[PDB]
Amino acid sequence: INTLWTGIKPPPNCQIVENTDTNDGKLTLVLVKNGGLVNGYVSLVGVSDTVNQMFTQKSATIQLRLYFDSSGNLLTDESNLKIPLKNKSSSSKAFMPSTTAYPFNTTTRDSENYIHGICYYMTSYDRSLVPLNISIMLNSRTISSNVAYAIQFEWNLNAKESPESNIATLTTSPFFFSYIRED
């Protein structure tokens, strides 16, 4: 009982664009209990035409907010992820980011709640690697009384010229991370 995840190769399970009716992204997320940490793995594939045209511009931003109740279960209504996580062979509380290490803030000082790094996009044409700034915010903000934990992923494209000129499957190469886990 070490793994909390989206399952492998999930059907569209999340909503990237502001007001969309349909899930427009496939989020792959794996969380593994490893002593006092969680080991993490995250990658994203775009589904809708709107998502898959975002890299038609030189800048772009994708944000997925996940909120969990006190039992560590996904709050579907509030979250961008619309399908609950599950165990690999089956109180997901033990997978959650620690509220001590990453507390909810009553001010804008929040630097210690962030993980920062880089993953990559492969262009469709010549297969160039385009850097994407990835930041993960742990807890920090809350939007309702039902929220006990939170994980926010944000990818940023910031290039001198657009990676694509036409529609193409948006993919983000896997990003690896750890954080101090709850209880």
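Numbering starts at 1 and follows the sequence shown.
Deposited residues lacking coordinates between residue 90 and residue 91 (none, 1 to 3, 4 to 9, 10 or more): 4 to 9 residues are missing.
Stretch with the greater mean C-alpha B-factor as recorded in the entry, comparing 38 to 46 against 153 to 161: So the stretch with the higher mean C-alpha B-factor is 153 to 161.
Between the two ranges 81 to 89 and 96 to 104, the one averaging a larger CA B factor in the entry: Comparing 96 to 104 with 81 to 89, the higher mean C-alpha B-factor belongs to 81 to 89.
Most elevated Cα B-factor in the entry, residues 63, 142, 28, 133: That would be 142.
Assigned third (lowest, middle, highest) for the C-alpha B factor of residue 147: Its C-alpha B-factor, which the entry lists for residue 147, ranks in the highest third among residues of this chain.
Lowest, middle or highest third - CA B-factor, residue 178: Answer is lowest: the recorded C-alpha B-factor places it there.
Position of residue 2 among the chain's modelled residues by C-alpha B-factor, lowest, middle or highest third: Residue 2: CA B-factor falls in the highest third of its chain.
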